[PDB]
Amino acid sequence: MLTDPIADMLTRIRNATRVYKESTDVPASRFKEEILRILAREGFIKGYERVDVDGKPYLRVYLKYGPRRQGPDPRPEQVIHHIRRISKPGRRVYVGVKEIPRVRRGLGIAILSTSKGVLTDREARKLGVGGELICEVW
Amino acid sequence: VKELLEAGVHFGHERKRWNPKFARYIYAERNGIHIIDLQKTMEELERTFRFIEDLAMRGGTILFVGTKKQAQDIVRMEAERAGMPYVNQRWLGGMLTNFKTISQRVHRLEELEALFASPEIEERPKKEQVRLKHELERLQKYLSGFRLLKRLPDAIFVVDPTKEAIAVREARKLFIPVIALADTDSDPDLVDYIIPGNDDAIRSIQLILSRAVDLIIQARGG
Amino acid sequence: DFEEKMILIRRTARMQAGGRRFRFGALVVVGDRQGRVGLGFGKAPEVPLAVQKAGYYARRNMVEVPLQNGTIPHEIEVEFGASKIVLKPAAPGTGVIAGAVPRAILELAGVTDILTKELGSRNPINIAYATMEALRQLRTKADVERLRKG
Amino acid sequence: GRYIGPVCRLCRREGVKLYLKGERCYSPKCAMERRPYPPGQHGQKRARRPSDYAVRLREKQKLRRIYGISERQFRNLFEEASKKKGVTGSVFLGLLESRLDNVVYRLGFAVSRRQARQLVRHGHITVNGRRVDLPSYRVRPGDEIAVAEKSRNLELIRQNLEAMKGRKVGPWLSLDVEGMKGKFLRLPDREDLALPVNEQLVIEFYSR
RNA sequence: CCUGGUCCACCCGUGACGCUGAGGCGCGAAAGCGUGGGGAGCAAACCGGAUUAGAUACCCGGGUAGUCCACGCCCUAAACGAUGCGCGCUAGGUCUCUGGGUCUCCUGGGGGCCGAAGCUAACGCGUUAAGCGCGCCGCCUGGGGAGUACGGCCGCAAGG
RNA sequence: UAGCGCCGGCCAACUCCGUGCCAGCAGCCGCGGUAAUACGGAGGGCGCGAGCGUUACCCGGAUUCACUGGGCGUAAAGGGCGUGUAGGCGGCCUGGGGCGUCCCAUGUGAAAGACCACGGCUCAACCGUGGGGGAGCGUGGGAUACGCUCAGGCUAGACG
Ligand SMILES: [Zn+2]
C-alpha cells in the first residue's frame, strides 16, 4: 500500500529529473500542493497545475533544469540537486525554532510545517515558529 | 540557401532498432518503419545551416566524416569542394585525441612523396622499394583527406553518428562542435547540430551534403 | 606558477614466466594556490618517469574552485563508490584539517581553513579522486541564483 | 631546565637565521653565515622530502625556539589562544609578544632574548613602578616597563641604549631613552610582525 | 468426482474495510523411527568376483533395510533466485505461455535473454532491480575453537 | 643540579664497530643465519626537561553496535514456507476537539564548577566579584499544518 504520500511525491520528482522529463504527474492533495507551492516559489521547478488524470485529480509538476553542457555528456546541471524527506512516519522528527537547521551553508532550504503554515527555513525563523520538518532540498 | 519540401527522399529509414531518445523526431510507424517528421527537419536544418554559414564566413574548417559504404563515394566528393578535409576509407582511433601522433603519419606521406620523384628511387635496394611503395599505397588511402588538417578542425560533419560514435566520442571530449545527418538509430542527445534524416540512401546523403557545401561556398563568396 | 606535489608512488607488480616484471605508479597534485587544481595518475616503468607523466595528466584537467575568503562556500559529502569524503567550510584561523591526501589537494586549491573527514575505504587513490568530484560540485551563492532563473 | 645550551645549533637546524645572540649573530658568524648545513655528522648530506608532519613540526619548532620557551608553556599559550575570539593564529603571536621578557627585548633594553630573561630574573626591570622577576608576566597595554633605578648605572644597559639612537622601535611601542622607560601601546598585528614563520603551519600542527 | 489459487473483460456493488507481522498454529524434499500391508526394479550394510605395492573404492555378480501403500512420528537441507512481504516511481529491444481489443497493431498478467538512467568492491543487477523511495518483520557485527560445551525445550530413538 | 625516551615504517632523528636465526628487540609489520639505518656500545641526531619512560585503566581514533552515522546475491548476514496474534505503519475532501507538536509569559533549574569580563597574591596555578547561557518539569495564554481523535463525505487502495 502507499505508505508515505509525500515521500512518493518527492521521489517521483527525483526519479524524473534524473531521466530529464519536461513534467511529471503526481496524485494531488491539499498538502502536496502546499509543498509544491514552495518548490516553484523558490525556483527548483517551473510550476504546477491541477490536471484531470482519468477522472482523478493530479498535479503536473513542471521540472526545471540548467543549460546543455560542453565536452562529453551534456546532461544539464540539475536545478534540484538533492531532495529527501527528513521526517518519516514511524520516525516523525519535529524541531524547535532555535533548532531549525541551516541547509548547505544556507543555499538549500528546509520545508517544515508549522501551526502557522507550510514554511521554509527562512520564513519559519522569521515567523518565530517551527514544527514537522518535512524535507531537505538543495 | 534553403531547401524545398523535398519529401520524396527523406521520411524515415530504420525499422524497429531505434533509440527511444529519438522519439522527438518521429512522425509515426508505417509498415513497421519509423517516419521522421520533416516539418521538424526543416526546423533543424534552418539552424544547422546557420551554424555552417557562421563557421564558413568566419573562415573555419569542417572535417567531413562518413565511413559508411554508401556515403564513401559522396564524402570524397563534397569535401573536395570546399577545401574541406574528410575521412573516407576508415576512421583512425585518435585522429583527434591523438592528433599530434597521427599528424606524424602525415609527414611520412610528405617524405615518401618526395623520394618517388627524386633520383634516389631505383638507386638503392629494391626490397625496400616495394617496402616503401606499399607505405604510400596505404597512406594514399586513409590520409587522403586528413592531410588538409594543419590543426584540429572547428567542427565535424559526421554522417552515421552511431557508426562513427568513436569520432563523435573524441570530438565531444575535445569540445569540437558536432554536425551529423542523423536518424532513428542515433542518440540525438549528443549531436550539437542534428539533421534528422534517412541515410543509407545515396539520394539522401547526396542531398544533405550538397546543399551544405553550396552553403559553404556561397558563404565565402565564390 | 604551478606547484607539483607528490601524493604517493607505489610499485605495482606483474607476472611473466621467470620474472615478476614491475611497474610504478605516481599520484601528483598540481595547482597555483589561487584556485585551480590538477591531479594526475601516471604509470611508467621507472619512477622519475612516472611522476614526470602524472605531472602531465594533472595539468590537463584542473578544477576552478570557488573561494570565499579562503574557505569553501558549502559542505559536501561525496561518495566515490567506496570512499567518502567530507568537506565542511571553516573560519579564518582554524586552518586545513585533513589527511595526507585531501590536505595536499586542498592546499594547492589555495584553501586555507577547512574541516575534513575521510570515511569508508581510505584508499589514497579513491579518496583523492573523490576529493576532486567533491570540489567540482562546489557552488557559489551566485552560481545558484543563476541556475534557479526564469 | 628551561633549555640553556648550544644556541647557534638551532640558528643551523632550521635553515633560517635565528636572532638568538644579538651582536655576533650579525658578524660573519651566527654560523648560518658560511655554514648553513644543520648539525651532526650528516649535515652535508642530501635531505629527503620532509613528510607533512615533518614540515609542520619544524615550523612549530622554529617558532618555539625563537622565543626560547618550554613546550609546556608554548602549548598552554596556544591553548588559551584558542579560547579567544579572533584569529587562532595572530592571537597566538599576540600573547607571545606580550611576555615581559620579550618586551624588554623589543624595548631594546637587552642585547638578545636570552639576555632579557636574566635582566628580569635578576630584577633590573620595573613595571608600572614595582619590580618584576617573573618573565612569564604578561604585559597589558599601557604599561610602563622600565629599568631598576638601581640598575640604570649598568655597564650593560648603558651600552645598549647608546645603540638605540638610530634604531626605530616596534610601531606598537614607545620609549624614552633619556629616561630608560618605555610603554606598551597595543597588541601588535600580524602585518606588524617580521617573523619568518607561517602560523598556519603551527596551527595545523596542533590538530593531529 | 470433491477442492485451493489465478488471470482478463464490464466497471455493477461495498466505502479504506489496507501493509506488515514477536510468540502461536499449519505446511515442510531425501533419508530415518513405530505398527501393519506390500516387494517387480533398484540398492547402505553385508557375501563373493577383478583391479592394485595394498583397496576396507572406483568396475562385475548377488543382496537385507529401504525404496511403493496406509495411519502415525521425525522437520533437517546448496529447503538457493544462496536476493523477506507489500505499494509507487524510472528508455527500450527481442523471444515465449496466457486473457481482452476496433487483432499486420493496441492492451493486461507471467516466464526468459539484451540493455538507458542509476547502482555495484567487482561479477553483475537493470520496470521478473541488486535502481529512487515508504512501512513492517527477520538476521550479521574478525577466523579457528563450534553449530561444539552448559542449560532448557522438543522426540520413541536417531537427533533437532 | 640534569636527566630520561627515542633515532626501520607509522614517527622528528643515521654512521662505525661487535655480532652472525646466537645474543637479543618487538605495539603492529617485522628485525637477526658475516655487508644489520630494526640486537649490543659508541659518535652523532630528534624529542621533552626536574623530569622522562613503563604498565594499568577511561574516551578517542572505531560511521568496528551505525539516533546522528552500517549492513544482509557471492564478503558474516533473509527466517525452509504460509497462516495470522499482539505491535508498528497507513489513501482524498470537510468540520470539532487540540493529546503529540510549535510560540509566548511565568515559577523552578541552590552553591561550587564550565564560559565571558573585571580584579587579588611580583606572574601563573589558585581565588574573588559581576554578566550571560541552558535542557527538563509546574502553571497560564496562544496556534492548528502535520501526527492523534470524533464527525461527516469520496472512490484512485482493498474486498464483492
Ligand atoms: Zn646565532
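If you go along the chain as it appears here, the first residue is 1 and each next one adds 1.
Quick check of the header: X-ray crystallography, 3.3 Å.
Cβ atoms are placed via backbone N, Cα and C, with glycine included.
Around D:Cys11 (Zn(2+) binding site), a 10 Å sphere centred on its CB holds 23 further CB atoms from the protein chains shown. The Zn(2+) binding site feature in Swiss-Prot is assigned to D:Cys8, D:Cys11, D:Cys25, D:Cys30.
Residues or ranges marked as domain 'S4 RNA-binding' in Swiss-Prot: D:98-160.
With a 10 A radius on its CB, D:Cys8 (Zn(2+) binding site) counts 19 other CB atoms from all the protein chains.
Annotation note: D:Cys11 (Zn(2+) binding site) sits in a helical segment as assigned by DSSP. Counting every protein chain shown, the number of other Cβ atoms lying within 10 Å of the Cβ of D:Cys25 (Zn(2+) binding site) is 20.
Note on the domain 'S4 RNA-binding' (D:98-160): DSSP counts are 25 helix, 6 strand, 32 coil. The C-beta environment of D:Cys30 (Zn(2+) binding site), restricted to residues of the same chain at least 6 apart in sequence and closer than 8 Å, consists of D:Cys8, D:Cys11, D:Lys17, D:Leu18, D:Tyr19, D:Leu20, D:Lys21, D:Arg24.
Apart from the site residues D:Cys8, D:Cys11, D:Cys25, D:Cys30, the chain places the Cβ of D:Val7, D:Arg12, D:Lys17, D:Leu18, D:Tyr19, D:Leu20, D:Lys21, D:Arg24, D:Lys29, D:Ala31, D:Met32 no farther than 8 Å from the centroid of the site's Cβ atoms, the recorded Zn(2+) location.
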